[PDB]
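Note sheet for the following structure.
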Amino acid sequence: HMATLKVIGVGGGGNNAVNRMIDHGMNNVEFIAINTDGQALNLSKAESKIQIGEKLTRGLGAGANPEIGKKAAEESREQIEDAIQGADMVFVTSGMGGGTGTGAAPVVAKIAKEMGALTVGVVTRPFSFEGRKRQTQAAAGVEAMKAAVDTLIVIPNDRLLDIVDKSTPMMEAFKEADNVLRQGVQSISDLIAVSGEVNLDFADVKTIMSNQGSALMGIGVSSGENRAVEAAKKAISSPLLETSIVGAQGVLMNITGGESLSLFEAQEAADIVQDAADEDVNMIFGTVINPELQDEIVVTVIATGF
Ligand SMILES: Nc1nc2c(ncn2[C@@H]2O[C@H](COP(=O)(O)OP(=O)(O)O)[C@@H](O)[C@H]2O)c(=O)[nH]1
Ligand SMILES: [Ca+2]
């Protein structure tokens, strides 16, 4: 069994994320670009493109009206089903607050789930400087997304203001937001690709991610003294995420290391997760020994059940 992973960008922000991921290089993942904006879709690098709402917009964006994105997606339902068909997992990514993302992304998520895919949303909330109407349409979209998906990761754009200095280029800040999706996707590809010593597979991802609500995905890398504890802390850190580790009741944790990976280190990492949660966590634990590695340890966490 080799699970089919698809990433679907919906609207401007969603498609920017897809474009920056394709640009960065990513294999065994199919990308789908969905938009009302024909100008933007023409410049997309995605292998499969769906223009929605040509009747409604005549190839322009939806102009900040979420009912137009919704109706656009509904009328292109069969084209969307066809593009998804055969996926085992779908990541739907979108910026909430606009017309197309806000309205179309939950429809896409709903179609994905009813095609049988494990469906994860990764969405942004607008910057506060964008104003209250934007924030309020965004919140309606987030609730709609939450209803449609299996699990939802929310990245408030205001959090980007916590990781920049006064000169950090906007595109560099956006790339940091993109990493949440990219590394979440990559960590699932990696789990599926490798047969670990204590193996985790797609059915374990399904157990943790299916019909939950909020989620956290994370990866942390470290080496040398305290590598396991530091990799675990990095894995659970959530500066850009609305949903932190606290209150997590289920965690999929994988530790990858060289032949030096110690049992003691494995427990240290697991206990960082347990203790940061402040709940009695139901852990799905895995380990991979990759003899090509020297002193590096990688800890992967997916946490749900808040
Ligand atoms: N982090 C991030 N946020 C974005 C990006 N593009 C747009 N946004 C945000 O997403 C919201 C909706 O924008 P957009 O997706 O272009 O609207 P739509 O195409 O009408 O859905 C904006 O109000 C911004 O908060 C991006 O590339 N990165
Ligand atoms: Ca595996």
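The count begins at 1 with the first shown residue.
We read in the header that X-ray crystallography, 2.0 Å was used to get this structure.
Including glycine, each Cβ sits where the backbone N, Cα and C put it.
Swiss-Prot annotations:
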| type | residues | note |
| --- | --- | --- |
| BINDING | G12, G13, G14, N15, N16, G99, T100, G101, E130, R134, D178 | GTP binding site |
CB contacts for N16 (GTP binding site) [other CB atoms within 10 A, all chains]: 19
Collapsed DSSP category at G12 (GTP binding site): helix
Chain-internal residues near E130 (GTP binding site), provided their CB is under 8 angstroms and they sit 6+ positions away: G97
In sequence order, those binding-site residues of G12, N16, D178 whose CB lies under 6 Å from ligand 1: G12, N16
Lowest local Cβ density (other Cβ within 10 Å) among binding-site residues: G12, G14: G12
Chain-internal residues, separated by at least six, CB under 8 A from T100 (GTP binding site): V10, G11, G12, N35, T36, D37, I52, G53, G61, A62, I68, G69, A72
Max CA-CA distance, Å, over listed GTP-binding residues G12, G13, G14, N15, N16, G99, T100, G101, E130, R134, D178: 21
